[PDB]
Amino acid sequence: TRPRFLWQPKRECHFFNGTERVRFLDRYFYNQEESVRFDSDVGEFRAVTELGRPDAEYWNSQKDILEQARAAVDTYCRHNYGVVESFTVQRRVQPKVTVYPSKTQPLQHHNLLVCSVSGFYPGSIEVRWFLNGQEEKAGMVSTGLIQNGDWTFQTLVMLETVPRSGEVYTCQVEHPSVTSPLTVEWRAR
């Protein structure tokens, strides 16, 4: 099969402290090499690879293209954020916590306790494990944040334990969609 050629223009707006600080970046990629870009923080186009020299030099010569780009932070980045802040920045969906050990083994052997946090949004979250009210800071294996692609996330955090009678374990989740942390326990059967 014949070879392929890919052109990819990417404009990205980065926001800090709401919209008190914005940074615009006009990036252009040929195949897998970014060739030229404009960084609001710099004021003008720059060629990343020699391939973009012809454009960086030209676009830099024309005033209208430079003004268009310098105003982007306001007329484009800020406008757009206000147009979607309602269903994105402010979108909040509550996690769905479930606790369960993997492997149904008799008590006093090694085990792996699973804290399955699922269906939430935003992706910022904090899962912690506690044994009889005391926080376990070791033995945790996490899967990290997983993007389901439908505007929800999921994650699993496990703890290696050697369960003994009357031990009570607790998974505590923290998330902007909940005022006070969620908790769910598991008692050493």
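The numbering used is simple: start at 1 and walk along the sequence shown.
**171-179 or 7-15, whichever carries the higher mean Cα B-factor** = The stretch with the larger mean CA B-factor is 171-179.
**Request:** For the higher mean C-alpha B factor in the entry, choose 78-86 or 104-112.
**Result:** So the stretch with the higher mean C-alpha B-factor is 104-112.
**Prompt:** Which is it among 144, 139, 123, 149: the one with the largest CA B-factor in the entry?
**Reply:** Highest CA B-factor of the listed options: 139.
**Asked** Among 35, 155, 31, 161, where is the Cα temperature factor highest, going by the PDB entry?
**Response** That would be 161, according to the entry.
**Prompt:** Ranked by Cα temperature factor within the chain, is residue 50 in the lowest third, the middle third or the highest third?
**Reply:** As the PDB entry reports it, the C-alpha B-factor of residue 50 lands in the highest third of its chain.
**Request:** Within this chain's modelled residues, let me know which third the CA B factor of residue 128 belongs to: lowest, middle or highest.
**Result:** As the PDB entry reports it, the C-alpha B-factor of residue 128 lands in the middle third of its chain.
**Prompt:** According to the PDB entry, is the CA B factor of residue 26 in the bottom, middle or top third of its chain, that is, lowest, middle or highest?
**Reply:** Bottom third by C-alpha B-factor.
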